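Protein chains in written order, with UniProt numbering: chain A, 358 to 410, 420 to 456; chain B, 8 to 20, 38 to 89, 94 to 159, 177 to 199, 202 to 369, 375 to 507, 562 to 631, 641 to 672, 687 to 719; chain C, 224 to 237; chain D, 155 to 206, 211 to 265, 273 to 295, 320 to 347, 375 to 455; chain E, 328 to 502.
No residue lacks a Cβ here, since even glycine has one placed at the ideal position from N, Cα and C.
Since the structure comes first, as structure tokens, the remarks are kept for the end.
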Amino acid sequence: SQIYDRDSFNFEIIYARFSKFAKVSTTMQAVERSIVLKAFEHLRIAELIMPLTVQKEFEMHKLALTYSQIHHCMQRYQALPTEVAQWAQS
Amino acid sequence: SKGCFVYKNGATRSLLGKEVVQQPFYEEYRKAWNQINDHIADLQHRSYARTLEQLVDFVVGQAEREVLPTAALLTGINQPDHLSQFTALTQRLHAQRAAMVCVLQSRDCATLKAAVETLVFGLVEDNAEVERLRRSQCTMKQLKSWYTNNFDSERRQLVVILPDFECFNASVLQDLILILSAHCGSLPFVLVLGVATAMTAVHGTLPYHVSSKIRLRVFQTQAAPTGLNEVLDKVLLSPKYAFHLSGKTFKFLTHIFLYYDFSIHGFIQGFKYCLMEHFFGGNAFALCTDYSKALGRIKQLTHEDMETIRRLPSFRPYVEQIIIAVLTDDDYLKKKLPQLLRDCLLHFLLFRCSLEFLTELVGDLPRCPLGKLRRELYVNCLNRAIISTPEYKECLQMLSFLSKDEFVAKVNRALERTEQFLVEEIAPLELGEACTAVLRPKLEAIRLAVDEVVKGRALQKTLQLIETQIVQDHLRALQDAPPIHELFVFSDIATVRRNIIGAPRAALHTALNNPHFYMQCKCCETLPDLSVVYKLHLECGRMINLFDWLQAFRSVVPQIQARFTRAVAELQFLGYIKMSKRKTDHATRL
Amino acid sequence: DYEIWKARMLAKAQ
Amino acid sequence: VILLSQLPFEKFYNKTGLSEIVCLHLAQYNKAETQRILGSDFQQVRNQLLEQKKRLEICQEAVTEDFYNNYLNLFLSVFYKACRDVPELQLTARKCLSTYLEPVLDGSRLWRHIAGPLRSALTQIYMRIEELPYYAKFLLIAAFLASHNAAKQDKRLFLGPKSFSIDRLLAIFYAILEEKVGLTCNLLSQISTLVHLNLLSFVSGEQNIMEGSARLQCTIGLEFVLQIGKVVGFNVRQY
Amino acid sequence: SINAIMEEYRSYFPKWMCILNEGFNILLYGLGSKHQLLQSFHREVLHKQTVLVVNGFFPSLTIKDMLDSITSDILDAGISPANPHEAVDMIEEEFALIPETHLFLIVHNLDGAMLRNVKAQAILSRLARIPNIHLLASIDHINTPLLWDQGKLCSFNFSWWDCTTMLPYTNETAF
DNA sequence: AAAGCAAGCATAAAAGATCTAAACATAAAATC
DNA sequence: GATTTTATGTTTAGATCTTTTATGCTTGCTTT
Numbered sequence: 358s359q360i361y362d363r364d365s366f367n368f369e370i371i372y373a374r375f376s377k378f379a380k381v382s383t384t385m386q387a388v389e390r391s392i393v394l395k396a397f398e399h400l401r402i403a404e405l406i407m408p409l410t420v421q422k423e424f425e426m427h428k429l430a431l432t433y434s435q436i437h438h439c440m441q442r443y444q445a446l447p448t449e450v451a452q453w454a455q456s
Numbered sequence: 008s009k010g011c012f013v014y015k016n017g018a019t020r038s039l040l041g042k043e044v045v046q047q048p049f050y051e052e053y054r055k056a057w058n059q060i061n062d063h064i065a066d067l068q069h070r071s072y073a074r075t076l077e078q079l080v081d082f083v084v085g086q087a088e089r094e095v096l097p098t099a100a101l102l103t104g105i106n107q108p109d110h111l112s113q114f115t116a117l118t119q120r121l122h123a124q125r126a127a128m129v130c131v132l133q134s135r136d137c138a139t140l141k142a143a144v145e146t147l148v149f150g151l152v153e154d155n156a157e158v159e177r178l179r180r181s182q183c184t185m186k187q188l189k190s191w192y193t194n195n196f197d198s199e202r203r204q205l206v207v208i209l210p211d212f213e214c215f216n217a218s219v220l221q222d223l224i225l226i227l228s229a230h231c232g233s234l235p236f237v238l239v240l241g242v243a244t245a246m247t248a249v250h251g252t253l254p255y256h257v258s259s260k261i262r263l264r265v266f267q268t269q270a271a272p273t274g275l276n277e278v279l280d281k282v283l284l285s286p287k288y289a290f291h292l293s294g295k296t297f298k299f300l301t302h303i304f305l306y307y308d309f310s311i312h313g314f315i316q317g318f319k320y321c322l323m324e325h326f327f328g329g330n331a332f333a334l335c336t337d338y339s340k341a342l343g344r345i346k347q348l349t350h351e352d353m354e355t356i357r358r359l360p361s362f363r364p365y366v367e368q369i375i376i377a378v379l380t381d382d383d384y385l386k387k388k389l390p391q392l393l394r395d396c397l398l399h400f401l402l403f404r405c406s407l408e409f410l411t412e413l414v415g416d417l418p419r420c421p422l423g424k425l426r427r428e429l430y431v432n433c434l435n436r437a438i439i440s441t442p443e444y445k446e447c448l449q450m451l452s453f454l455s456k457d458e459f460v461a462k463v464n465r466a467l468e469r470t471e472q473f474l475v476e477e478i479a480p481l482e483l484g485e486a487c488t489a490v491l492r493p494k495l496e497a498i499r500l501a502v503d504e505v506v507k562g563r564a565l566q567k568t569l570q571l572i573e574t575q576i577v578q579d580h581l582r583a584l585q586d587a588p589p590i591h592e593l594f595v596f597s598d599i600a601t602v603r604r605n606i607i608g609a610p611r612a613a614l615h616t617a618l619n620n621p622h623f624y625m626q627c628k629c630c631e641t642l643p644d645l646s647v648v649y650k651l652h653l654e655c656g657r658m659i660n661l662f663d664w665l666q667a668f669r670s671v672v687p688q689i690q691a692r693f694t695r696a697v698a699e700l701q702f703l704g705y706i707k708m709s710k711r712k713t714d715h716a717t718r719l
Numbered sequence: 224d225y226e227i228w229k230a231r232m233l234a235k236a237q
Numbered sequence: 155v156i157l158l159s160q161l162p163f164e165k166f167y168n169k170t171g172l173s174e175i176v177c178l179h180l181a182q183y184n185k186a187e188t189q190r191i192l193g194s195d196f197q198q199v200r201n202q203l204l205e206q211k212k213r214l215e216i217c218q219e220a221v222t223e224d225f226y227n228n229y230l231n232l233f234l235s236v237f238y239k240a241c242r243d244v245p246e247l248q249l250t251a252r253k254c255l256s257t258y259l260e261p262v263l264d265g273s274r275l276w277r278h279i280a281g282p283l284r285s286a287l288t289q290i291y292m293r294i295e320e321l322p323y324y325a326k327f328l329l330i331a332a333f334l335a336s337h338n339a340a341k342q343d344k345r346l347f375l376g377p378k379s380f381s382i383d384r385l386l387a388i389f390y391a392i393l394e395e396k397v398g399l400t401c402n403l404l405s406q407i408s409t410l411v412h413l414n415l416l417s418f419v420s421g422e423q424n425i426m427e428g429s430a431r432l433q434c435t436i437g438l439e440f441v442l443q444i445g446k447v448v449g450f451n452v453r454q455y
Numbered sequence: 328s329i330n331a332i333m334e335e336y337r338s339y340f341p342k343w344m345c346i347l348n349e350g351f352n353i354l355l356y357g358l359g360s361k362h363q364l365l366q367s368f369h370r371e372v373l374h375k376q377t378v379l380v381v382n383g384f385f386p387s388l389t390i391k392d393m394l395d396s397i398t399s400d401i402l403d404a405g406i407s408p409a410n411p412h413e414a415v416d417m418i419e420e421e422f423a424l425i426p427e428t429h430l431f432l433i434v435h436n437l438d439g440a441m442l443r444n445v446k447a448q449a450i451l452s453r454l455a456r457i458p459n460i461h462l463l464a465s466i467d468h469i470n471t472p473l474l475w476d477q478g479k480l481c482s483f484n485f486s487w488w489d490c491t492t493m494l495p496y497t498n499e500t501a502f
């Protein structure tokens with residue numbers, strides 16, 4: 358939503374954007390579609406993502431945060447792996 | 008003016041007359057078909073008994089015991109075959125008296141309130157049925190007060208079958224599993240899921256948290272093709288029933304099972320329709336039974352049964368190969389009847405044991421082009437003479453390339469299989485000692501050929571004795587069958603396919619293309644008014660500019690507009706077209 | 224056909 | 155009146171407003187504290203392992223406190239990135255201790278033997294475990334083709377999944393069938409059974425399904441429809 | 328032409344009765360009107376039996392009128408409960424106690440405009456699933472079995488019969 | 001020539017807002 | 001005094017009127 362400027366997203370587009378990182382991570386190679394799908398539904402049920410109001423994997427969605435919250439939670443997080451921080455600076 | 012009409016006569020709070045139920049053919053059909061239905065039912069129960077005892081043991085082991097226990101059961105894609113199975117499960121939990129159970133079908137769960145009220149009402153009414178409170182009052186709290194009001198000094204389990212897990216709306220189902228998770232510990236719950244597909248549906252439909260609060264364990268009932276294989280090997284090809292299907296109808300029934308629907312019950316209904324369509328030609332078709340009662344019916348027959356025996360086509364070669377009192381005075385034919393019926397039932401018993409020996413021989417071989425299952429060799433054998441088929445030629449080619457020791461071991465396993473069939477199935481049946489008396493010397497001949505193979563060119567002698575002693579005499583084609591086997595076979599696929607497979611599309615099209623196929627016109631082989648408009652819009656494309664189409668109708672044949694608008698009204702009643710919603714006086718083909 | 228077979232076999236067997 | 159949820163309170167407001175409330179946050183545990191939680195139950199899990211005699215003779219001598227702490231570090235080295243949900247870590251940690259203990263029942274010297282199965286155990290997180322007719326296979330294949338290969342590519346072969381009317385489904389079924397079956401009642405019944413089993417889904421047109429205006433939506437990923445084209449043997453990647 | 332096929336349709340009637348005796352449910356699927364033939368069956372062998380004529384092509388025929396007609400005019404047990412599923416549960420347990428209380432229903436047009444929803448056909452499928460009651464139905468629309476899945480088609484123990492006069496649709500457009 | 005994007009358009013369905021018909025539980029009185 | 005019955009006030013679910021939006025479809029311009 359920063360590159361396409363706050364357009365709605367989906368599990369498969371974010372799955373492509375995540376699997377671009379997963380195959381070069383050498384710490385996230387072991388996760389599958391299933392654990393990421395559980396993480397996506399868990400992000401939905403804590404209301405960090407809201408439906409735009420079909421498959422469970424193919425709803426349209428919207429982010430619920432301003433970017434300063436995400437940029438702050440990268441800082442205040444404890445023991446974040448550095449590869450995700452290098453993705454955060456990209 | 009009414010939408011419904013009644014013609015009630017004498018009702019307060038066996039359709040057929042005496043003239044048919046008196047006749048032997050209905051009694052024979054009910055006896056044979058009831059034996060069929062009881063056999064396939066006990067077979068389904070014995071195949072189910074492992075899963076059913078595992079389910080009852082799971083319920084009792086949870087009674088031996094908050095995340096609720098639950099046991100999914102991977103039922104097949106069809107429904108009605110499992111239903112009686114579930115009812116038997118309820119009877120087991122009312123046999124040991126440790127659980128009461130309400131089915132929770134998806135029709136009752138349009139909302140969470142409806143789900144909770146049908147759950148509580150079904151539990152309290154199941155408990156009353158083992159031994177009328179308000180629909181607006183039956184909350185979960187009343188269920189808790191009622192359970193501690195009754196069951197505490199003993202702990203009966205609270206079972207909720209969900210036969211159609213797929214059919215539920217996801218939100219009411221997640222809320223219901225969350226509510227039952229909230230009340231477990233205080234109320235001993237178990238939940239069983241009838242998932243019609245696979246485990247991915249359970250892992251996908253249940254959300255992160257509903258799966259976090261569930262404890263599921265999977266049991267598997269047998270698959271439908273496996274069930275048709277067991278029903279076909281063990282009942283319809285079991286020797287002891289006298290009624291054998293033709294290879295065409297057999298292939299058509301296993302075709303409808305394997306290509307369209309996994310309906311074991313649909314296979315049972317098709318076989319019952321075949322039994323009815325064969326048996327309901329008169330009392331003469333009710334000679335097709337066990338041999339002694341067949342002799343009693345031989346004495347019983349009248350004169351119409353003589354005519355419905357004598358016109359049967361396979362009796363025709365028997366008179367070709369040769375008696376004046378046999379063809380008119382009836383009773384001499386009645387005395388010749390035990391010879392023909394006895395040789396025919398003897399031929400079918402020899403066909404069944406020889407078919408067992410052949411499928412035991414071919415099934416151990418690699419590739420098995422003929423097939424590794426008895427129904428496949430059965431339809432290939434009754435369809436045509438097997439020796440003229442390319443497939444038997446490929447089988448004897450790959451069978452003639454065998455190593456000699458694996459050959460003698462394979463034929464030895466086939467000998468053990470055929471002797472087990474001879475001691476374990478044909479032996480109770482009447483005319484069973486005669487068939488082992490016939491086939492046993494040929495089995496001795498293949499036995500001595502085995503003993504000399506134990507001691562290159564010898565396998566050709568074994569194949570020649572297999573063709574002479576078994577394949578030619580007792581594995582004959584349906585045309586090569588012994589005469590008046592027409593009583594004992596059902597070759598008529600035409601009425602069964604036009605009365606079981608419904609083709610509304612083909613019926614409407616063959617009405618609208620070839621009316622003479624229905625109407626029996628002497629001239630139209641004068642046209643019906645619908646057919647010209649059907650031919651004209653079939654000529655037309657997607658959208659219909661209605662006035663050019665109407666001008667083509669004016670050209671081919687005022688009141689012409691009335692016949693045309695009447696035809697388009699009958700056409701849009703049939704669903705072939707629809708009038709355009711964007712544009713009045715215009716049409717669209719569908 | 225039933226009829227030609229009827230004539231043939233009631234001429235032959237009868 | 156205590157309330158409990160995962161949402162922050164700011165989701166809860168309405169157009170009339172609410173009175174005062176005492177907000178209170180519970181932070182989820184960092185990895186050392188999750189190790190302390192899972193290590194608190196060491197006495198119960200030892201008394202459970204004593205229940206099930212050379213193996214009990216080595217269980218009583220080598221299921222001690224620091225061994226369980228090393229096992230907990232060896233487990234939270236793996237699953238902590240995937241979940242911090244403490245009940246799931248308990249529920250999986252006990253089973254992985256049950257499969258972990260075999261080569262100290264016999265004779273680190275263990276991280277390879279369990280790091281094998283642990284990366285299979287990660288694949289079965291959250292999930293809690295302890320066929321089709323031939324023409325229905327072709328109908329599910331044609332449904333995936335109608336709901337993935339767009340509305341305009343199909344002239345030359347013959375954003376998410378796209379909804380589709382059923383006459384498109386019967387047209388792709390005719391094109392892919394290469395035998396041309398008659399349109400029996402059983403085939404349209406097979407359509408309605410793929411509807412009822414959640415292999416297809418409805419979005420609109422439910423009141424006039426027989427009119428053909430209803431919009432359907434195939435719901436299957438690439439892997440299982442490739443398994444269908446494998447068990448038929450008919451490849452679907454050509455279209 | 329038409330009279331010949333109509334008399335040939337009348338010749339099938341005792342075999343239709345034997346088919347109905349075994350639990351099958353007759354289902355015509357012709358192009359023309361099935362009205363005159365089914366009325367001929369209602370007169371010619373159904374002069375005495377409990378016939379429930381149902382014109383399903385009626386613009387305003389609710390399923391509830393059929394439910395109340397079955398639970399009232401025949402079984403004399405008053406009005407049906409408001410939910411159709413509890414209503415057919417009541418009809419089922421009411422019919423469970425009464426063997427030899429045989430009855431027939433004759434549904435013109437299963438594909439009728441109010442019956443075209445899946446819920447009315449599910450109520451009909453639960454209705455014909457009773458061993459006692461028996462059903463004779465007509466069909467006209469080319470796309471009717473889109474709403475009959477295999478469960479409802481198994482409960483609808485049909486025996487199809489191509490009964491096709493070339494009759495004009497007169498009652499079908501009268502309503 | 002047709003293929004694809006576009007102004008619009010026209011019904012459709014999806015809340016949703018609000019009201020009415022059927023159900024239904026309760027109060028109260030008639031009667032045994 | 002207890003039961004029953006039924007008359008009625010209340011509830012609840014469906015029916016219907018807005019209106020939104022909206023999206024498949026019309027068709028029409030434009031373009032390769």
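- Message: Just to confirm the assignment: which complete alpha helix (DSSP H) runs, minimum length 4, are found wholly within the segment 360-413 of chain E?
- Response: Qualifying alpha helix (DSSP H) stretches, in chain order: 362-371 and 390-396.
- Task: Measure the alpha-carbon distance for B/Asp714 versus B/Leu653 and round it to whole angstroms.
- Result: In a straight line, the C-alpha of B/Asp714 is about 19 Å away from that of B/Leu653.
- Query: With a cut-off of 8 Å, do at least 3 Cβ pairs link the segment 479-495 of chain B to the segment 431-438 of chain B?
  - Reply: no
- chain C beta carbons: is any one of them nearer than 8 Å to that of B/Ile375? yes
- Message: Between B/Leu474 and B/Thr488, how many whole angstroms is the CB-CB distance? I'm expecting something under 8 Å.
- Response: 5 Å
- Within this structure, are the beta carbons of E/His429 and E/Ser465 separated by less than 8 Å? no
- Would you mind giving the Cβ-Cβ distance between B/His312 and E/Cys481, rounded to the nearest angstrom? I have them listed as a contact below 8 Å. 5 Å
- Item | 8 Å contact criterion, which D/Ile392 and D/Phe327 should meet: CB distance rounded | 6 Å
- Message: Does the CB of B/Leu379 have a neighbour CB from chain C at under 8 Å?
- Response: yes
- Query: B/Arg427 versus chain C: which residues are under 8 Å apart at the beta carbon?
  - Reply: Listed along the chain, the chain C residues whose CB falls inside 8 Å of the CB of B/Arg427 amount to none; the nearest CB is some 34 Å away.
- Task: Starting from B/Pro97, follow its DSSP beta bridges and name the residues at the other end.
- Result: B/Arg262
- Item | Contact set between the segment 402-419 of chain D and chain B, restricted to residues whose Cβ is under 9 Å from the partner | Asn402, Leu403, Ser405, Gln406, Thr409, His412, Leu413, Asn414 and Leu415
- Task: Kindly list, in the order they appear in chain D, the residues whose Cβ is closer than 9 Å to that of B/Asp714.
- Result: Residues of chain D whose Cβ lies closer than 9 Å to the Cβ of B/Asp714 do not exist; the shortest such Cβ separation is about 20 Å.
- Message: Give me the subset of the segment 394-406 of chain A whose CB atoms are less than 7 Å from a CB atom of chain B, sorted by chain position.
- Response: Answer in chain order: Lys395, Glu398, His399 and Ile402.
- Query: When you compare only the Cα positions, how much space is there between D/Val244 and B/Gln107?
  - Reply: 40 Å
- Closer than 7 Å by C-beta to E/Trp487: which residues in its own chain qualify, once you throw out the five before and the five after it? Chain order, please. Here the set comprises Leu354 and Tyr356.
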